[PDB]
Every structure is written in C-alpha cells, then in structure tokens.
Asker: 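If you scroll down you'll find the structure; I have some questions about it.
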There are 2 protein chains.
Amino acid sequence: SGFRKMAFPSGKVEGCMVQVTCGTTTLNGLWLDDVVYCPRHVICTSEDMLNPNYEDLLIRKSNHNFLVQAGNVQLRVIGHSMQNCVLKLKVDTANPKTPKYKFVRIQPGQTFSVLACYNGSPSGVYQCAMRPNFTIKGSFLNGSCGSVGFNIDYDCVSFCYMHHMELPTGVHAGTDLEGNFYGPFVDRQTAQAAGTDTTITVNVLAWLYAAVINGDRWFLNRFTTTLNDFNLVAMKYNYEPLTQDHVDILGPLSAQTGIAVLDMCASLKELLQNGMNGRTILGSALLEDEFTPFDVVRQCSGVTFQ
Amino acid sequence: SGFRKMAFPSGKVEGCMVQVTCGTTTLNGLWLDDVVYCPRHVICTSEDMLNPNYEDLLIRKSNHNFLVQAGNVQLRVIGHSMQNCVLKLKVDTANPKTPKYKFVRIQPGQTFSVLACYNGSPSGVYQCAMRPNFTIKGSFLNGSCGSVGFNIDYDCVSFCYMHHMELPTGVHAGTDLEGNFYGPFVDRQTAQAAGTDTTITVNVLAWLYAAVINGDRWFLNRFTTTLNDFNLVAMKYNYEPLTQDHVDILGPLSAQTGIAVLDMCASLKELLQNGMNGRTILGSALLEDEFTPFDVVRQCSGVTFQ
Ligand SMILES: *C(=N)[C@H](C[C@@H]1CCNC1=O)NC(=O)[C@@H](NC(=O)[C@@H](NC(=O)NC(C)(C)C)C(C)(C)C)[C@]12C[C@H]3C[C@H](C[C@H](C3)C1)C2
Ligand SMILES: *C(=N)[C@H](C[C@@H]1CCNC1=O)NC(=O)[C@@H](NC(=O)[C@@H](NC(=O)NC(C)(C)C)C(C)(C)C)[C@]12C[C@H]3C[C@H](C[C@H](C3)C1)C2
C-alpha cells in the first residue's frame, strides 16, 4: 500500500548526459548514438538574446567552437546543424550506453520524469505534468538548460522534454526533442507569459481512485451525475471538461474498485462545492492533478521496467 | 526557481539490484562486490512465520537452495550467513558495477530516496523521511521486500534502509543494511503497531525558508520568540522540540534569506495557532516536514553528484 509522487528510475538517462560549452556558455546535452542534442541558445552571447538570429549565429561557428565533455573524456565534434530550437552536434564516438529510445511529443495532462542536471552531471529526479497552458512546475537553477524529461515503456526510454527557460511566474517552458516548443514560447529575451492554467480533471479522478484503493473513502456518496451535468460544474471552477475518452481511460480503475466513473464524478462535484473541511485525501489538503490514470495503475499494481 | 519532492538519481543503485529466490519465495537483493544482501525471511515458508526460528531454518538450507539472478545471468551461491535480520549470500562473481558505497544507520528526521523494486527490477524512485516513530510513509506492493533506501554524498552511495514489512496503518518498517530494525519491530507475523507520530520541526522550518527563497512571503511577521517559548507551543501541537543544534543547522538558510531562525519560529508559532486560512505555501495546504535543511540547500543552490 501507499501512494507517492514516484519518478522513473533514471539510470538509462544518466549515462546519456554530457556537458556542452560554446564560448562562455555551458549547458547540458543529450548524447544518443553519435549525436549530441542541446538547446540552440548555447551559441548565443549576451549581446544576441534581445533578438538573436540563429541562422547567422550558427554560420559564424565552426565545429571547434563546441566543447563536449562526457565525464572527463572530450568528444570531437565533426558536424553541426540546427533543427527548430535544438542544435545537433555530430560527434566522432557513438555513446556505448545508448538505450533503446524514441522521441515523443506529449499532450497536456501527461506526466514525465525530469532528470535535473548541471555541467553534465545528474543532480536529482522528480515527476511533473505538462500543464494545460504548456508549462511545467519544475525546479531548475542556472545551468539547468538541456535537462530532459522522459518516460519508460517496458525497455524503451521515451524522451519528451528538453528544458529552456523559466517564466516570471516561476514556471518552466521547453521543447520536445525535435526542438519545437510546447506552447507559444520562443527562445529570445522578450516578454512572455503563460496563459491561465486549469486543473486536469481526468487526473484528479484517477487520484480519487488511488485514494479508494488505499482506504480513504470518506468522500464517496451514493449519487451519480451525467457527463453534461458534471462538465457544467467543472468549468465553473476552472477544471478541464471531461470527455468520453477520459471515461474509458478510467475504466480499469472503475473496474478494480467497483465505483463507476459517473459515481466518482458526483463525489468530485461535491468536493468542489463544499471543499474538504480540514480533511485530507492521501495526505493532501488539495485535490491533486499530477497523476495520470496510468500512473495510478502502475503504482497500485506494480509494473516494472527492463 | 521552483521546489519539488526530489529524489537522488538512481543509476548507481539500479545496477546492484538482483532477484533472490528460496523455495517458493522471491524478493529483491542488493549485490555489492561478491555479497548479496537480502531480508532473512526469504528462507521462511508460511508454516514458519508465526514464530520462525531463523537459526534452525538457516541450518536446514544449503547454498543450492538459493537462486540469485542478475538479469538473466544466474549467480552461483558459494556461502551464506545471517547478520541480524539480513541474509548475506556469498556469490562467485563480484558485481562489476559496484559503486563506491557505505552503510549508514540514519536518525529520525533524515530523508533518503527509495528505489522500489520487484523481481530484481527497478520500478520507480521516490523520496521519504524516517518518521520520529521509526516508520516511513512508503509505497510498496507484494514482492517489494529487499528494496533499498539510499543517499548520495559526492560520489559515495550511502545505503540506509532495506524494506521488510507494512504495518496495519499502511506505513512501512525495515532495517539498516546490517539487519537491525529501525524502531521496535520484528520480522515475525505478530501484532505490531507504530507509536504515535510527531511532526519534524526542524524540517518544517527548512521548508518555510525554501518558500521564502521562492517568493512565498505572506506568513512572515516582525515578531521574534525564544526557544523556550516556541517549544512550549510546539509540544501542544505534537511537534518535535527544537534544539540549539537545530538552530545552528538552519544557519545557512537564515544567512541566505536574512531571516533569523527565531524570527521564522514566530511565524511558525503563528501558523500553528491560526492555521493557513485557505492560503498555500509552495503549493501545499499543509505544513511539510519531509525536507531536511540539507535538502533545501541542495535544491535551492544546485549541488550535483559524481
Ligand atoms: C538554462 N540554463 C536557463 C534556465 C533558467 C535559469 C534559472 N531557471 C531557469 O529555468 N535559461 C535561461 O537563462 C533563460 N532565461 C531565463 O530562464 C530567465 N527568464 C526570462 O528571461 N524569461 C522571459 C522574459 C520569459 C524570456 C531567468 C534567468 C529565470 C530570469 C533563457 C534561455 C534562452 C532563451 C531566453 C534568452 C536566453 C537564452 C536565456 C531565456
Ligand atoms: C515484502 N515482500 C513484503 C512487504 C509488504 C507487502 C505489501 N506491502 C508491504 O510492505 N513483506 C511481507 O509480506 C510482510 N508482511 C506484511 O507486510 C503484511 N503485514 C503484516 O502482517 N503486518 C504485521 C501484523 C505488523 C506483521 C501485509 C502483507 C501488508 C498484510 C512480512 C515480512 C516478513 C516478516 C513478517 C512475516 C512475513 C515475513 C511477511 C511480515
């Protein structure tokens, strides 16, 4: 029993992190086969970031402007190119610890683990969700750019996020591993802000199921509601609307607990309207929306990774 | 910026996990050099655990009663012995991925990362604290015994916990890596319960500093209090008493924020007496006590590991 904010084991990713220096700027890079992926703003100086012109900036660089260190070993850069907001550095050595991997662009609501890194060295791992406004609520200090987010499916590491910047509200924005930003952000020093965030409803329900699986039942009631009736209440409190795909996704959890999704929705409606009254659920005094239905199944039924 | 429940990167530990089978029982073991460490109850059958007699049970076993798998490779067991509640299985091959390591018995209030495992395979990593009643609030399913807790100091992995059992309140109990239980528990199927828990005061203060470092200042006030005055209020709400060592430990955080420990204590006194009134701190509606002062420094100043 028990329920924790649980991250994926990070070993397979730790062996792919390297340090990348261009000029005075050092950040992290991801070394898979003979390519090192990193944020393209490593080729910038302070005079550039007002409105950098990355095509020009990259044409003025040569392979020897790039210092790549894997631990103590220097890697020789034999080619470079730009894809959207990422730089790809061809190196002369293929990473012998390259795991089976793929690049995935995730959807808001999905979760992933972040391996926070500084100077090529792993500092810590934690779990977070892509918010509906395409930010994540991370923990990042100077030098953290190029840190990656990932999932593990059976044996395949799915990379989905590379860190680029922090917004004035203290949240974080980055790209997929092909360099496309999540959300409307750009890699320039210009004023940007996240849109308003909403609560991920399907995830709150998944977490209520986890609570039931673990013996926190005080919020259940005998009522039912309809999708239409529930969604009307949801938008009033800034919750994402619930869809039929969401209902179907929650199926396994409904099955294991014997509570129908629409039953659970009437409990959630209740909690929105009267609050929790100093009671807690799974140790929290707030409704938690950073566990997906698959996260709950994984942690309450025990799937491992190879 | 940002603040997350952050675990240590798990790569160095993942390479030491193995599967251990004795008879019908399979659990996890820790393979360092040529020794595999695992809970001694792997030598039990259901008929035994009422009141097992482990000396007798172990004398009736031979080296070939133990099946150790590292991935697909079987390891040959060439010796066995018992130390307190752990079994040590000498194997014929030394683990080539053995990190620099040590065994540490931690104190209540300290935190560590748990690498939850099933059948020798890492399932996920999360952070938790030794509670004052010598339990941890973990997440463990059948087959999880032998999963280990650890810290990383510079390059050395410090193992401090091996998982054995779950108590009726849904919390968890285990041993250090020399087999001594934390707390008054024993490895038998007999009625056991944890003592009453208390809140780890020095950790709540460390987390209030983290909040200030991250811009949550609404709970500060201009008052000060005394250790004696604060501790009197603390015991009323089931908080650990604060000591002068605690004050000294909080020194770096006091220094970086300019708020004196005794200032911060008057804010905490305030929060105990009037609550939070629907406000949050660092995204939480409860006072959080599972971050040590060192955890806050590590995450708000950026230390890495090699
Ligand atoms: C990566 N190393 C770092 C990430 C930052 C550092 C602290 N926390 C983080 O997440 N990247 C940067 O230095 C970027 N700058 C910031 O994150 C920056 N915020 C900021 O200027 N925001 C707006 C106005 C929205 C652009 C602070 C340091 C937090 C104040 C970038 C990354 C690239 C694009 C852009 C210009 C530079 C190159 C610096 C932001
Ligand atoms: C290890 N594989 C497993 C850990 C458990 C399984 C589910 N969650 C966990 O943490 N160990 C056990 O099966 C132990 N049993 C329990 O944890 C058990 N609780 C229990 O009986 N508690 C008291 C009454 C306090 C002993 C449940 C499965 C949760 C109901 C042990 C481990 C060894 C000592 C003792 C007898 C057996 C050998 C089983 C408990």
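Each ligand, and each atom within it, is numbered from 1 in the order the structure gives. Residue numbers begin at 1 in each chain, while the letters A, B, ... track the order of the sequences.
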Asker: Which atoms of ligand 1 are found less than 4.0 Å from any heavy atom of A:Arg188?
Answerer: 26 (C), 34 (C), 35 (C)
Asker: Parallel under 30°, tilted from 30 to 60°, perpendicular over 60°: which one fits the rings of B:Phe66 and B:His80?
Answerer: tilted
Asker: Hey, looking at atom 32 (C) of ligand 1, which of A:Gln189, A:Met49, A:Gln192, A:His164 has the closest heavy atom?
Answerer: A:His164
Asker: Give the atom numbers and elements of ligand 1 that come within less than 4.0 Å of a heavy atom of A:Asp187.
Answerer: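 Going through ligand 1 atom by atom, the ones under 4.0 Å from A:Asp187 are 34 (C).
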Asker: With distance as the sole criterion, is a donor-acceptor pair present between the side chains of A:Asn133 and A:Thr135 under 3.5 Å?
Answerer: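 Side-chain D/A pair, A:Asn133 to A:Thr135: present.
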Asker: Looking only at heavy atoms of B:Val186, does any of them come nearer than 4.0 Å to an atom of ligand 2?
Answerer: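 Contact absent.
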Asker: Between B:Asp176 (side chain only) and B:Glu178 (backbone N and O only), is there a donor and an acceptor less than 3.5 Å apart?
Answerer: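 Yes: the side chain of B:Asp176 pairs with the backbone of B:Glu178.
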Asker: Looking at atom 40 (C) of ligand 2, tell me if a protein heavy atom falls under 4.0 Å from it.
Answerer: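 Yes, at least one protein heavy atom sits under 4.0 Å from atom 40 (C) of ligand 2.
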Asker: Considering only heavy atoms, does A:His172 approach ligand 1 within less than 4.0 Å through its side chain, its backbone, both, or neither?
Answerer: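 The part of A:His172 near ligand 1 is the side chain, not the backbone.
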Asker: Answer yes or no: is there a donor N or O on one side and an acceptor on the other, between the side chain of B:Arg60 and the main chain of B:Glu55, under 3.5 Å?
Answerer: no
Asker: Heavy atoms of the protein only: does one fall short of 4.0 Å from atom 3 (C) of ligand 1?
Answerer: yes
Asker: Against heavy atoms of A:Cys145, which atoms of ligand 1 measure under 4.0 Å?
Answerer: 1 (C), 2 (N), 3 (C), 4 (C), 11 (N)
Asker: Which ligand 1 atoms are under 4.0 Å away from a heavy-atom of A:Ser144?
Answerer: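 Counting from 1, the qualifying ligand atoms are 2 (N).
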Asker: Is the ring pair A:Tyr182/A:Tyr161 parallel, tilted or perpendicular, if the boundaries are 30 and 60 degrees?
Answerer: parallel
Asker: If you take the nearest heavy atom of each of A:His41, A:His163, A:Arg40, which one is closest to atom 10 (O) of ligand 1?
Answerer: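 Checking each option, the heavy atom nearest atom 10 (O) of ligand 1 is found in A:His163.
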Asker: May I ask you to identify, for A:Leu141, whether its side chain, its backbone, both or neither come under 4.0 Å of ligand 1 on a heavy-atom basis?
Answerer: backbone
Asker: Considering all heavy atoms of both residues, which atom of B:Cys44 and which atom of B:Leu57 are nearest to each other, and what is their separation?
Answerer: SG-CD1, 3.9 Å
Asker: Would you kindly say whether B:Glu166 and A:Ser1 are connected by a side-chain donor-acceptor distance under 3.5 Å?
Answerer: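 Yes, because at least one side-chain N or O of B:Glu166 sits under 3.5 Å from a partner of the opposite role on A:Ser1.
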Asker: Look up atom 13 (O) of ligand 2 and tell me if a protein heavy atom lies less than 4.0 Å from it?
Answerer: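 No.
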Asker: Counting only heavy atoms on the protein side, is anything nearer than 4.0 Å to atom 30 (C) of ligand 2?
Answerer: no
Asker: Decide yes or no for A:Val297 and A:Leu253: does some side-chain heavy atom of the first lie under 4.5 Å from some side-chain heavy atom of the second?
Answerer: yes
Asker: Atom 8 (N) of ligand 1: which protein heavy atom is closest, and how many Å away?
Answerer: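 Going atom by atom, the protein heavy atom closest to atom 8 (N) of ligand 1 ends up being A:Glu166 OE1, 3.0 Å.
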Asker: Can you check whether B:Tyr37 and B:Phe103 have ring centres sitting under 6.0 Å from each other?
Answerer: yes
Asker: So which protein heavy atom does atom 15 (N) of ligand 2 come closest to, and at what separation?
Answerer: B:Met165 CB, 4.6 Å
Asker: For a quick check under 3.5 Å, do B:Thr175 and B:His164 share a side-chain donor-acceptor pair by atom type?
Answerer: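 There is such a pair (donor and acceptor under 3.5 Å, judged by atom type) between the side chains of B:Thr175 and B:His164.
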Asker: How close does the nearest protein non-hydrogen atom get to atom 25 (C) of ligand 2, and which residue and atom is it?
Answerer: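 Protein heavy atom at minimum distance: B:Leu167 CD2, 3.7 Å.
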Asker: Tell me which protein heavy atom sits closest to atom 28 (C) of ligand 2, plus the residue, atom name and distance to 0.1 Å.
Answerer: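 Ranked first by proximity to atom 28 (C) of ligand 2 is B:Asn142 OD1, 4.7 Å.
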Asker: For a quick check under 3.5 Å, do A:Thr111 and A:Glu290 share a side-chain donor-acceptor pair by atom type?
Answerer: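 Note: A:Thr111 and A:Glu290 side chains miss the donor-acceptor criterion.
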